[PDB]
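A single chain comes next, written as structure tokens; it is the form deposited in one PDB entry.
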């Protein structure tokens, strides 16, 4: 048939626009992940790529993720993953990479066949309990596999590592933070639902970039937290020092977040070359894997090196702003959220995650208990049990007879028929009665949690505090003034 131009444009564009939006370019407020990042980690999970076990070829990992969950170009997948392994990109890195994974000089990682990976220990905390019905799974694209809609995310990852993503009709820009400060902010909130931003800012000072450096003033920060939008002045950590002979140099040891060191330097070299900046006699990168970042700028003798530096902030990315735009997927729709909203949604998710865990651990402990009761019965009347089976011609017949005589469930009776003879030795019998008693206590432990809303909550608190204590680190970025 025919197709009207106006309606095909409207419809085509929207299918695209909605897709980039809800399934590519924007993170989920609960785990702070985009589709590509989540599937990679879920891929490290299911491929058993834990920190204890050995690295695995990056090509093999990416192939799995693309064959099973992510039907998109392989380059898209690999570079997202590469970024997770970079301690200058992720405030709390999620991939543990072996091989060349790039550097601040904007040099890329080597090709995936040359590199290997596994999780970092903190990734483990993202997926912890993923298999205890804590989160809803979904069909994969071809319907072959199930994948997670979201991760347990037992630390508040959206804010920890931030997110930058350009969608259609919108985009997001969320900066990293200090894990410790975040969790404390979370804990504070759980004790006060009507907590203000101001009071949250007692715990969370501001953004904390993997790259360290300096922030200028609190106002941009302040505005960004109250609205979800604001400008943050990021400066480099630079000092002026004598090189001897009455000559000084400027030395730079930290650079702004998401700034290419190399490119910034060529920007300076270019300004000197074109004479748009007076007073510089030499420029060197002394950065070594041992001595860390160190960029040097020799100042012509008797030149005021402070003034030069000032202009260097004016004319190069030595100072750069970070435009905070905090749009995240909330209930499957794009929303601009202030800081408190960001924490509120994360908290509700940890509530549901631990609740669902505890309920799942229960179902399954009762499921196993029921079985052990079925086995104990058998141990008690083992002679009768045997008689009953031996006198049965068929397993189904034996199933029926066993259910009828000893008043068993079908499950209990199947279990008995599958029981190996060695389970009758002294120790094997003790093991069954020992598992059961331990299990009865567990059940009643679990039932307590679910019987009180506050117990549950405090459990969540403790479980955070623990993560905070193991993983929380020092603030890197200095907030001046």
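Between two forms, the rigid core is the largest collection of C-alphas that superpose within 1.5 Å. Numbering follows the first chain given and starts at 1.
The same protein has a further form, the form deposited in another entry, not shown here; the description that follows concerns it.
With the core fitted between the shown form and the other one, just one of 381, 222, 235, 132 shows a Cα displacement of at least 2 Å, namely 381. A displacement of less than 2 angstroms separates the C-alpha positions of residue 258 between the shown form and the other one, with the rigid core held in common.
Relative to the superposed rigid core, the position of the CA of residue 405 differs between the shown form and the other one by 2 Å or more.
Core-superposed comparison between the shown form and the other one: the Cα of residue 306 travels less than 2 Å.
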